[PDB]
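One structure is given below, encoded as structure tokens.
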Amino acid sequence: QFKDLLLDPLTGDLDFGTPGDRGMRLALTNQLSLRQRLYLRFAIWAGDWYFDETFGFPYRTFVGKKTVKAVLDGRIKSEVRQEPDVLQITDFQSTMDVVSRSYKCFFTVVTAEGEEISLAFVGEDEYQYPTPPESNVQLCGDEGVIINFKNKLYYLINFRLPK
Amino acid sequence: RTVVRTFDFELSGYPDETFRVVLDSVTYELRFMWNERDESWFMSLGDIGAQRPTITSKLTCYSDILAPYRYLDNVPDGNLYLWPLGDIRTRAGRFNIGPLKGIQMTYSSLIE
Amino acid sequence: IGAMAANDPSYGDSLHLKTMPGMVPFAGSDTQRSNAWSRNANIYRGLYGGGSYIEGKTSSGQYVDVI
Amino acid sequence: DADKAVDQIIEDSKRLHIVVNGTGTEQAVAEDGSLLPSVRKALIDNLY
Amino acid sequence: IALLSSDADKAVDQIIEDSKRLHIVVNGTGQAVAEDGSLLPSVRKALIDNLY
Amino acid sequence: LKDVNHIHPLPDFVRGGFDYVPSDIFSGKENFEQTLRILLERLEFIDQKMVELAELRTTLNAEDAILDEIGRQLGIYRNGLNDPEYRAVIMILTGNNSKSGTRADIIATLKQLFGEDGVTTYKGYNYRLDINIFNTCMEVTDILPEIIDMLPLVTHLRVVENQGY
């Protein structure tokens with residue numbers, strides 16, 4: 001439920017929205033929040049962000065060196081579980097090509113969805129305060145009491161005659 | 001009647017919270033009970049170790065809780081109010097009470 | 001199908017008392033349920049404090065997990 | 001314009017009244033033109 | 001002015017249920033429940049349970 | 001999406017509690033159910049009357065037998081007024097406490113007594129004011145004393161009442 005500015009999954013810029021409803025949006029669904037929380041966590045190289053030297057991933061250790069596939073998978077699979085709301089990891093297809101020296105892995109992560117605790121900070125309210133009456137209706141009655149009775153009588157006259 | 005803000009409250013949401021607070025250099029004990037059907041907080045105020053609470057009332061927004069009770073030697077003379085930080089239409093809830101949860105329960109003391 | 005798919009056949013997992021989301025309890029009386037049971041027509045039943053399937057018996061008679 | 005509803009109510013009451021008190025047999029006429037039987041007409045079935 | 005109708009509904013609804021019971025009894029099939037909780041068999045059912 | 005007033009009869013009170021029978025152990029025994037139902041259904045009546053004890057005490061629906069108590073707290077005694085208009089005077093006097101007797105204001109108070117189009121007001125050069133009534137639903141002579149009270153200190157007033165235009 002971690003709120004934050006929404007990042008476009010397709011381009012990487014802020015998700016200002018479609019041309020018909022351009023604006024700014026907050027990440028509300030846990031899925032969207034977790035997506036960007038993993039994306040930033042994996043995209044920032046370790047130590048390259050000032051104000052926090054411990055954040056990021058240490059790509060320099062592996063890239064450019066002769067490395068064992070098994071060691072890399074452990075670190076990749078470990079960084080994911082640093083988020084407190086990750087249920088499990090389903091599958092992991094780690095493959096390496098020696099000709100091009102490229103490495104490419106696949107996997108998915110499962111996360112549940114929570115409640116909103118309070119709507120005070122977001123948009124709307126859930127209550128239905130009453131509406132003041134109109135004109136002399138309060139002190140003298142209402143005509144609808146006649147209309148509903150007339151309709152009931154008419155429908156009952158309709159019911160008895162077979163159709 | 002000049003008054004200055006001097007204390008703020010927070011609630012963890014437990015239905016039977018009870019704790020001691022100090023106001024205007026005097027000390028009091030407070031009890032908060034959650035009502036299911038009426039979805040509202042019931043507050044009881046009394047002296048430390050008192051047999052029975054001195055005041056019991058229902059909490060609501062923008063209502064002076066202590067108004068009719070500033071005639072007793074053991075009741076604070078300040079002002080106790082609940083007002084929201086977010087949209088003005090939000091009413092007091094269970095978990096939405098606190099300095100940043102949405103509702104600001106506050107006590108303010110007159111200047112003497 | 002949602003209760004049997006992701007389950008290897010070698011475990012012999014019976015379908016007796018599993019819960020099926022979406023289904024609605026069978027409201028027939030005791031005599032009706034006994035009748036349907038002889039038909040090998042399984043029923044989803046609202047049980048004591050809950051609701052669950054009854055039996056995985058096929059039309060021939062053998063339990064489904066065997067098949 | 002509640003006079004309009006009061007109008008229909010006025011004769012609906014009369015139709016109902018004749019149906020309840022339709023002697024041994026009365027045939028109340030509805031606005032649709034169908035025919036409604038008095039209670040005692042409906043009671044011929046038991047009357048054998 | 002004519003808002004005495006605030007009493008008429010407690011009779012109008014009641015006659016609705018009475019008409020419903022009338023219909024089920026007369027046009028029923030081989031029952032009806034009164035406010036007393038006792039049963040009234042429909043004619044097409046009463047014709048079956050009587051002494052033959 | 002939800003009503004703010006939580007004071008309502010509890011929906012389906014009876015079937016609740018029966019839901020707390022552990023595992024249908026007694027259900028279908030027709031001997032324990034009746035004993036439990038007989039006791040629970042008594043609370044139904046008490047639960048229902050808890051509302052009217054609060055609903056009926058409001059000034060809008062208060063009956064004359066107790067409306068007098070509401071009026072007594074405010075100093076508005078019955079005198080010779082009857083129930084339908086005694087309610088009106090209570091509203092009129094109470095509403096007077098936040099008024100200034102302006103032309104727009106006066107129309108608002110008369111609005112609650114004669115519907116939307118039942119009243120009109122002419123104005124005159126030398127303190128003259130006129131009130132017109134078209135759809136009165138109550139006798140006006142007994143209400144008249146209040147109709148004077150919410151007017152400026154120097155008003156000159158005429159009152160004419162008729163049915164329709």
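Residue numbering restarts at 1 in every chain; chains get A, B, ... in the order shown in the structure tokens, and ligands count up from 1 in that same order.
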**OP:** Please determine the contact residues of chain A with respect to chain B at a cut-off of 8 Å, counting only C-alpha atoms, and supply them as JSON, numbers by chain.
**Re:** {"A": [117, 118, 120, 121, 123, 125]}
Original post:
What residues in region 65-156 of chain A get the DSSP label helix (DSSP H, G or I)? Please answer as an NGL selection string.
Top reply: :A and (69-80 or 137-140 or 144-156)
Output for the residues just chosen: N, CA and C atoms as a compact mmCIF listing (two decimals), in the first residue's frame:
# COMPACT_ATOMS: atom_id res chain seq x y z
N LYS A 69 27.64 -18.78 -12.65
CA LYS A 69 26.21 -18.48 -12.78
C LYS A 69 25.48 -18.66 -11.45
N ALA A 70 25.82 -19.72 -10.71
CA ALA A 70 25.11 -20.02 -9.48
C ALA A 70 25.24 -18.91 -8.45
N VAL A 71 26.41 -18.28 -8.34
CA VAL A 71 26.59 -17.22 -7.36
C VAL A 71 25.71 -16.02 -7.70
N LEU A 72 25.65 -15.66 -8.99
CA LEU A 72 24.86 -14.49 -9.39
C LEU A 72 23.38 -14.69 -9.07
N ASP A 73 22.85 -15.88 -9.36
CA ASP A 73 21.44 -16.14 -9.11
C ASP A 73 21.08 -15.96 -7.64
N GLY A 74 21.94 -16.37 -6.73
CA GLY A 74 21.68 -16.19 -5.32
C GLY A 74 21.51 -14.73 -4.95
N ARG A 75 22.42 -13.88 -5.44
CA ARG A 75 22.32 -12.46 -5.13
C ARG A 75 21.09 -11.84 -5.78
N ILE A 76 20.81 -12.19 -7.03
CA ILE A 76 19.61 -11.67 -7.69
C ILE A 76 18.37 -12.07 -6.90
N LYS A 77 18.30 -13.33 -6.50
CA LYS A 77 17.15 -13.85 -5.78
C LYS A 77 17.07 -13.35 -4.34
N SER A 78 18.17 -12.83 -3.79
CA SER A 78 18.19 -12.33 -2.42
C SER A 78 17.71 -10.89 -2.33
N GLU A 79 18.12 -10.04 -3.29
CA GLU A 79 17.71 -8.64 -3.26
C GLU A 79 16.19 -8.51 -3.30
N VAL A 80 15.52 -9.44 -3.98
CA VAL A 80 14.06 -9.37 -4.10
C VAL A 80 13.41 -9.49 -2.73
N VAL A 137 -43.32 21.21 2.97
CA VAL A 137 -43.55 19.77 3.05
C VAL A 137 -43.45 19.29 4.49
N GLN A 138 -42.48 19.81 5.25
CA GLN A 138 -42.25 19.31 6.60
C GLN A 138 -43.44 19.57 7.51
N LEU A 139 -44.02 20.76 7.44
CA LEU A 139 -45.06 21.16 8.39
C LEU A 139 -46.46 20.75 7.97
N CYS A 140 -46.64 20.25 6.75
CA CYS A 140 -47.98 19.93 6.24
C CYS A 140 -48.08 18.58 5.56
N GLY A 144 -46.08 12.70 -2.14
CA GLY A 144 -45.65 11.37 -2.54
C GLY A 144 -46.40 10.27 -1.81
N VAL A 145 -46.83 10.54 -0.58
CA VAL A 145 -47.62 9.56 0.16
C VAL A 145 -48.91 9.26 -0.57
N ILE A 146 -49.42 10.21 -1.35
CA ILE A 146 -50.63 9.97 -2.14
C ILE A 146 -50.28 9.23 -3.42
N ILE A 147 -49.17 9.62 -4.07
CA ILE A 147 -48.81 9.02 -5.35
C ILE A 147 -48.50 7.54 -5.17
N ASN A 148 -47.74 7.20 -4.13
CA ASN A 148 -47.39 5.80 -3.91
C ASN A 148 -48.63 4.96 -3.61
N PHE A 149 -49.56 5.49 -2.82
CA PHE A 149 -50.80 4.78 -2.54
C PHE A 149 -51.62 4.58 -3.81
N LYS A 150 -51.70 5.61 -4.65
CA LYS A 150 -52.44 5.48 -5.91
C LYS A 150 -51.81 4.41 -6.79
N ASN A 151 -50.48 4.40 -6.87
CA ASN A 151 -49.79 3.39 -7.66
C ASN A 151 -50.02 1.99 -7.11
N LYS A 152 -49.98 1.83 -5.79
CA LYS A 152 -50.25 0.53 -5.20
C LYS A 152 -51.66 0.06 -5.54
N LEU A 153 -52.64 0.96 -5.43
CA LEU A 153 -54.01 0.60 -5.77
C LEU A 153 -54.13 0.19 -7.23
N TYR A 154 -53.51 0.97 -8.13
CA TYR A 154 -53.57 0.66 -9.55
C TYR A 154 -52.94 -0.69 -9.86
N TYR A 155 -51.76 -0.97 -9.30
CA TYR A 155 -51.11 -2.25 -9.52
C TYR A 155 -51.89 -3.41 -8.93
N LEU A 156 -52.54 -3.22 -7.77
CA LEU A 156 -53.38 -4.27 -7.23
C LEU A 156 -54.60 -4.53 -8.09
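The residues of chain E lying at most 12 Å from chain A, with only C-alpha atoms taken into account, are residues 1, 2, 3, 4, 5, 6, 7, 8, 9, 10, 11, 12, 13, 14, 15, 16, 17, 18, 19, 20, 22, 23 and 27 of chain E.
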**OP:** Find the residues around region 40-49 of chain E up to 8 Å (only C-alpha atoms counted), leave out those fewer than 5 positions away in its own chain, and share them as a ChimeraX atom specification.
**Re:** /D:45-46 /E:24-34
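Within the 10 Å cut-off around region 58-66 of chain C, using only C-alpha atoms and omitting residues fewer than 4 positions from it on the same chain, the listed residues are residues 4, 9, 10, 11, 12, 13, 14, 15, 16, 38, 39, 40, 41 and 42 of chain C.
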**OP:** Would you give me, as a list in words, the residues of chain D that come within 9 Å of chain A, using only C-alpha atoms?
**Re:** residues 2, 5, 6, 8, 9, 12, 13, 15, 16, 30, 31, 32, 33, 34, 35, 36 and 37 of chain D
Output N, CA, C and O atoms for every residue in that selection, as a PDB file, in the first residue's frame.
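Generated output (selection-v7.pdb):
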ATOM      1  N   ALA D   2     -52.295  16.213  -7.490  1.00  0.00           N
ATOM      2  CA  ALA D   2     -52.694  15.055  -6.701  1.00  0.00           C
ATOM      3  C   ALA D   2     -54.185  14.781  -6.828  1.00  0.00           C
ATOM      4  O   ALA D   2     -54.643  13.701  -6.440  1.00  0.00           O
ATOM      5  N   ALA D   5     -54.508  11.622  -8.839  1.00  0.00           N
ATOM      6  CA  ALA D   5     -54.386  10.382  -8.087  1.00  0.00           C
ATOM      7  C   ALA D   5     -55.610  10.147  -7.214  1.00  0.00           C
ATOM      8  O   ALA D   5     -56.091   9.012  -7.107  1.00  0.00           O
ATOM      9  N   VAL D   6     -56.119  11.207  -6.585  1.00  0.00           N
ATOM     10  CA  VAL D   6     -57.293  11.070  -5.731  1.00  0.00           C
ATOM     11  C   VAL D   6     -58.475  10.566  -6.544  1.00  0.00           C
ATOM     12  O   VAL D   6     -59.274   9.751  -6.069  1.00  0.00           O
ATOM     13  N   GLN D   8     -58.480   8.534  -9.320  1.00  0.00           N
ATOM     14  CA  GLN D   8     -58.367   7.096  -9.529  1.00  0.00           C
ATOM     15  C   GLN D   8     -58.594   6.340  -8.231  1.00  0.00           C
ATOM     16  O   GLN D   8     -59.241   5.286  -8.226  1.00  0.00           O
ATOM     17  N   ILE D   9     -58.075   6.864  -7.120  1.00  0.00           N
ATOM     18  CA  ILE D   9     -58.281   6.207  -5.836  1.00  0.00           C
ATOM     19  C   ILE D   9     -59.767   6.105  -5.534  1.00  0.00           C
ATOM     20  O   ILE D   9     -60.246   5.093  -5.009  1.00  0.00           O
ATOM     21  N   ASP D  12     -61.279   3.295  -7.573  1.00  0.00           N
ATOM     22  CA  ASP D  12     -60.674   2.034  -7.179  1.00  0.00           C
ATOM     23  C   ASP D  12     -61.269   1.546  -5.871  1.00  0.00           C
ATOM     24  O   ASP D  12     -61.518   0.343  -5.704  1.00  0.00           O
ATOM     25  N   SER D  13     -61.526   2.464  -4.939  1.00  0.00           N
ATOM     26  CA  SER D  13     -62.181   2.081  -3.697  1.00  0.00           C
ATOM     27  C   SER D  13     -63.538   1.456  -3.974  1.00  0.00           C
ATOM     28  O   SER D  13     -63.897   0.449  -3.360  1.00  0.00           O
ATOM     29  N   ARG D  15     -64.599  -0.042  -6.757  1.00  0.00           N
ATOM     30  CA  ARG D  15     -64.407  -1.360  -7.349  1.00  0.00           C
ATOM     31  C   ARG D  15     -64.098  -2.386  -6.272  1.00  0.00           C
ATOM     32  O   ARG D  15     -64.690  -3.471  -6.237  1.00  0.00           O
ATOM     33  N   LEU D  16     -63.185  -2.047  -5.365  1.00  0.00           N
ATOM     34  CA  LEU D  16     -62.844  -2.958  -4.282  1.00  0.00           C
ATOM     35  C   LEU D  16     -64.060  -3.247  -3.415  1.00  0.00           C
ATOM     36  O   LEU D  16     -64.282  -4.387  -2.986  1.00  0.00           O
ATOM     37  N   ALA D  30     -62.416  -3.795 -14.368  1.00  0.00           N
ATOM     38  CA  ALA D  30     -61.180  -3.049 -14.201  1.00  0.00           C
ATOM     39  C   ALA D  30     -60.961  -2.112 -15.387  1.00  0.00           C
ATOM     40  O   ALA D  30     -61.621  -2.210 -16.428  1.00  0.00           O
ATOM     41  N   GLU D  31     -60.007  -1.197 -15.223  1.00  0.00           N
ATOM     42  CA  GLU D  31     -59.663  -0.264 -16.285  1.00  0.00           C
ATOM     43  C   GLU D  31     -59.178  -0.965 -17.542  1.00  0.00           C
ATOM     44  O   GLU D  31     -59.364  -0.431 -18.640  1.00  0.00           O
ATOM     45  N   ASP D  32     -58.569  -2.142 -17.406  1.00  0.00           N
ATOM     46  CA  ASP D  32     -58.146  -2.900 -18.577  1.00  0.00           C
ATOM     47  C   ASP D  32     -59.324  -3.549 -19.288  1.00  0.00           C
ATOM     48  O   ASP D  32     -59.159  -4.065 -20.398  1.00  0.00           O
ATOM     49  N   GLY D  33     -60.505  -3.536 -18.676  1.00  0.00           N
ATOM     50  CA  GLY D  33     -61.660  -4.192 -19.240  1.00  0.00           C
ATOM     51  C   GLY D  33     -61.837  -5.628 -18.812  1.00  0.00           C
ATOM     52  O   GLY D  33     -62.926  -6.183 -19.000  1.00  0.00           O
ATOM     53  N   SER D  34     -60.811  -6.252 -18.239  1.00  0.00           N
ATOM     54  CA  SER D  34     -60.986  -7.580 -17.681  1.00  0.00           C
ATOM     55  C   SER D  34     -62.021  -7.532 -16.561  1.00  0.00           C
ATOM     56  O   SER D  34     -62.436  -6.464 -16.105  1.00  0.00           O
ATOM     57  N   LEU D  35     -62.435  -8.714 -16.115  1.00  0.00           N
ATOM     58  CA  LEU D  35     -63.572  -8.852 -15.215  1.00  0.00           C
ATOM     59  C   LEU D  35     -63.109  -9.535 -13.937  1.00  0.00           C
ATOM     60  O   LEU D  35     -62.505 -10.609 -13.991  1.00  0.00           O
ATOM     61  N   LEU D  36     -63.397  -8.917 -12.801  1.00  0.00           N
ATOM     62  CA  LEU D  36     -62.939  -9.450 -11.527  1.00  0.00           C
ATOM     63  C   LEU D  36     -64.105 -10.063 -10.775  1.00  0.00           C
ATOM     64  O   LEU D  36     -65.187  -9.465 -10.735  1.00  0.00           O
ATOM     65  N   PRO D  37     -63.942 -11.238 -10.172  1.00  0.00           N
ATOM     66  CA  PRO D  37     -65.078 -11.881  -9.507  1.00  0.00           C
ATOM     67  C   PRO D  37     -65.217 -11.498  -8.045  1.00  0.00           C
ATOM     68  O   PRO D  37     -64.220 -11.376  -7.330  1.00  0.00           O
TER      69      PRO D  37
END
Original post:
Can you list, as a PyMOL selection string, every protein, DNA or RNA residue that comes within 10 Å of residue 142 (chain F) when you count only C-alpha atoms, leaving out same-chain residues fewer than 6 positions away?
Top reply: chain F and resi 80-82+85-86+89
Original post:
Near residue 107 (chain A), counting only C-alpha atoms, which residues have an atom at most 10 Å away, once you skip same-chain residues fewer than 3 positions from it, shown as an MDAnalysis selection string?
Top reply: chainID A and resid 77 89:94
**OP:** Using only C-alpha atoms, determine which residues of chain F fall within 9 Å of chain C; present them as an MDAnalysis selection string.
**Re:** chainID F and resid 19 21:25
Output file for the selection above: C-alpha atoms, as an mmCIF file, in the first residue's frame:
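Ended up saving to again01.cif:
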data_model
loop_
_atom_site.group_PDB
_atom_site.id
_atom_site.type_symbol
_atom_site.label_atom_id
_atom_site.label_comp_id
_atom_site.auth_asym_id
_atom_site.auth_seq_id
_atom_site.Cartn_x
_atom_site.Cartn_y
_atom_site.Cartn_z
ATOM 1 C CA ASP F 19 -25.484 -18.324 13.664
ATOM 2 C CA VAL F 21 -24.854 -22.583 17.209
ATOM 3 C CA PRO F 22 -21.478 -24.350 16.888
ATOM 4 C CA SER F 23 -21.775 -27.044 14.208
ATOM 5 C CA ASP F 24 -25.509 -27.543 13.554
ATOM 6 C CA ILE F 25 -25.462 -29.991 16.482
#
Give me the residues of chain F that have any atom at most 9 Å from an atom of chain A; for each, the nearest atom pair and the distance in Å, rounded to one decimal. Use only C-alpha atoms, sort by chain and number, and format it as a Markdown table.
| residue | atom | partner | partner_atom | distance |
| --- | --- | --- | --- | --- |
| F:1 | CA | A:126 | CA | 5.2 |
| F:2 | CA | A:127 | CA | 4.7 |
| F:3 | CA | A:128 | CA | 4.9 |
| F:4 | CA | A:129 | CA | 6.0 |
| F:5 | CA | A:129 | CA | 8.3 |
| F:60 | CA | A:138 | CA | 8.0 |
| F:84 | CA | A:139 | CA | 8.1 |
| F:85 | CA | A:139 | CA | 8.6 |
| F:87 | CA | A:139 | CA | 7.9 |
| F:88 | CA | A:139 | CA | 7.0 |
| F:111 | CA | A:135 | CA | 5.9 |
| F:112 | CA | A:136 | CA | 4.4 |
| F:113 | CA | A:136 | CA | 5.4 |
| F:114 | CA | A:136 | CA | 5.7 |
| F:115 | CA | A:136 | CA | 4.1 |
| F:116 | CA | A:135 | CA | 5.4 |
| F:137 | CA | A:140 | CA | 7.2 |
| F:138 | CA | A:140 | CA | 9.0 |
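Here CA of residue 53 (chain F) and CA of residue 82 (chain B) stand 29.1 Å from one another.
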**OP:** For residue 165 (chain F), please output as number ranges by chain all residues within 10 Å (counting only C-alpha atoms; exclusion window: fewer than 6 positions along the same chain).
**Re:** F: 117-119, 132-135
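In plain terms, chain B touches chain F through residues 37, 38 and 39 of chain B, where touching means an atom at most 9 Å away, counting only C-alpha atoms.
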**OP:** Quick one: pick out all strand (DSSP E) residues within region 2-72 of chain B from a backbone DSSP run and write them as a PyMOL selection string.
**Re:** chain B and resi 3-8+16-23+26-35+40-46+55-58
Save out the residues we just selected, N, CA, C and O atoms, as a compact mmCIF listing (two decimals), in the first residue's frame.
# COMPACT_ATOMS: atom_id res chain seq x y z
N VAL B 3 -6.03 31.40 24.15
CA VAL B 3 -5.67 30.03 24.44
C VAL B 3 -4.51 29.64 23.54
O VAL B 3 -4.39 30.12 22.41
N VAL B 4 -3.65 28.75 24.04
CA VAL B 4 -2.47 28.30 23.31
C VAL B 4 -2.43 26.78 23.31
O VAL B 4 -2.67 26.14 24.33
N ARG B 5 -2.12 26.21 22.15
CA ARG B 5 -2.00 24.77 22.02
C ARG B 5 -0.84 24.27 22.86
O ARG B 5 0.27 24.82 22.81
N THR B 6 -1.08 23.22 23.65
CA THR B 6 -0.05 22.72 24.56
C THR B 6 0.02 21.21 24.68
O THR B 6 0.82 20.73 25.48
N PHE B 7 -0.77 20.44 23.94
CA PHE B 7 -0.73 18.99 24.06
C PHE B 7 -1.53 18.36 22.93
O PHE B 7 -2.53 18.91 22.47
N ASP B 8 -1.07 17.19 22.48
CA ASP B 8 -1.72 16.42 21.43
C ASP B 8 -1.78 14.96 21.85
O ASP B 8 -0.96 14.49 22.64
N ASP B 16 -9.80 -0.80 24.44
CA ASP B 16 -9.91 -0.50 25.86
C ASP B 16 -8.61 0.13 26.36
O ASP B 16 -8.03 -0.27 27.37
N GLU B 17 -8.11 1.13 25.64
CA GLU B 17 -6.90 1.81 26.07
C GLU B 17 -7.14 2.59 27.35
O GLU B 17 -8.24 3.10 27.60
N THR B 18 -6.11 2.66 28.19
CA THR B 18 -6.15 3.44 29.42
C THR B 18 -4.74 3.89 29.76
O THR B 18 -3.82 3.06 29.80
N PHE B 19 -4.56 5.19 29.99
CA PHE B 19 -3.25 5.73 30.27
C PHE B 19 -3.40 7.02 31.07
O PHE B 19 -4.49 7.58 31.18
N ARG B 20 -2.28 7.48 31.61
CA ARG B 20 -2.23 8.67 32.45
C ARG B 20 -1.56 9.81 31.70
O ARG B 20 -0.56 9.61 31.01
N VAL B 21 -2.13 11.01 31.83
CA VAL B 21 -1.62 12.20 31.16
C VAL B 21 -1.53 13.33 32.17
O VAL B 21 -2.22 13.34 33.20
N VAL B 22 -0.68 14.30 31.87
CA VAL B 22 -0.46 15.47 32.72
C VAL B 22 -0.84 16.71 31.92
O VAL B 22 -0.33 16.92 30.81
N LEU B 23 -1.73 17.52 32.48
CA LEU B 23 -2.21 18.73 31.82
C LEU B 23 -2.26 19.86 32.83
O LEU B 23 -2.75 19.68 33.95
N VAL B 26 -1.29 19.40 36.34
CA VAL B 26 -2.08 18.44 37.10
C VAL B 26 -2.10 17.13 36.32
O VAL B 26 -1.88 17.12 35.11
N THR B 27 -2.36 16.02 37.01
CA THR B 27 -2.32 14.70 36.41
C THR B 27 -3.71 14.09 36.43
O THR B 27 -4.44 14.20 37.42
N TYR B 28 -4.08 13.44 35.32
CA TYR B 28 -5.37 12.77 35.19
C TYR B 28 -5.17 11.43 34.50
O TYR B 28 -4.16 11.20 33.83
N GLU B 29 -6.15 10.55 34.67
CA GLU B 29 -6.18 9.26 34.00
C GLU B 29 -7.36 9.22 33.04
O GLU B 29 -8.45 9.68 33.37
N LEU B 30 -7.13 8.66 31.86
CA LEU B 30 -8.12 8.64 30.79
C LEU B 30 -8.40 7.20 30.37
O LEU B 30 -7.50 6.36 30.37
N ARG B 31 -9.65 6.94 30.01
CA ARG B 31 -10.07 5.65 29.47
C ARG B 31 -10.81 5.88 28.17
O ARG B 31 -11.65 6.79 28.08
N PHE B 32 -10.52 5.06 27.17
CA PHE B 32 -11.16 5.14 25.86
C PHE B 32 -11.76 3.78 25.54
O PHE B 32 -11.06 2.76 25.58
N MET B 33 -13.05 3.76 25.23
CA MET B 33 -13.77 2.54 24.89
C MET B 33 -14.40 2.71 23.51
O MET B 33 -14.99 3.75 23.21
N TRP B 34 -14.27 1.68 22.68
CA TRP B 34 -14.79 1.71 21.32
C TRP B 34 -16.17 1.07 21.29
O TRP B 34 -16.36 -0.04 21.82
N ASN B 35 -17.13 1.75 20.68
CA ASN B 35 -18.50 1.27 20.57
C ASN B 35 -18.72 0.75 19.16
O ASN B 35 -18.45 1.45 18.18
N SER B 40 -18.02 4.85 17.60
CA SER B 40 -17.51 6.09 18.17
C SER B 40 -16.72 5.78 19.42
O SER B 40 -16.88 4.72 20.04
N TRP B 41 -15.85 6.72 19.80
CA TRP B 41 -15.02 6.56 20.98
C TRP B 41 -15.72 7.16 22.20
O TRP B 41 -16.25 8.27 22.13
N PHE B 42 -15.72 6.42 23.30
CA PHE B 42 -16.24 6.90 24.57
C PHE B 42 -15.08 7.22 25.50
O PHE B 42 -14.24 6.35 25.77
N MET B 43 -15.04 8.45 26.00
CA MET B 43 -13.94 8.92 26.84
C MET B 43 -14.43 9.12 28.27
O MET B 43 -15.48 9.73 28.50
N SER B 44 -13.66 8.61 29.22
CA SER B 44 -13.92 8.80 30.64
C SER B 44 -12.72 9.48 31.28
O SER B 44 -11.57 9.12 31.02
N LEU B 45 -13.00 10.48 32.12
CA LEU B 45 -11.96 11.28 32.76
C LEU B 45 -12.17 11.25 34.27
O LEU B 45 -13.30 11.34 34.75
N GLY B 46 -11.06 11.15 35.00
CA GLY B 46 -11.14 11.13 36.44
C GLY B 46 -9.78 11.31 37.06
O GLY B 46 -8.76 11.37 36.37
N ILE B 55 -16.04 12.42 34.63
CA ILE B 55 -16.74 12.83 33.42
C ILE B 55 -16.69 11.70 32.40
O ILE B 55 -15.66 11.05 32.22
N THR B 56 -17.82 11.48 31.73
CA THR B 56 -17.89 10.55 30.61
C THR B 56 -18.67 11.22 29.49
O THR B 56 -19.71 11.84 29.72
N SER B 57 -18.15 11.10 28.27
CA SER B 57 -18.75 11.77 27.13
C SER B 57 -18.36 11.03 25.86
O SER B 57 -17.46 10.19 25.85
N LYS B 58 -19.07 11.35 24.77
CA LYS B 58 -18.82 10.77 23.46
C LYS B 58 -18.06 11.77 22.61
O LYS B 58 -18.40 12.96 22.59
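You will find CA of residue 39 (chain E) at 29.2 Å from CA of residue 27 (chain D).
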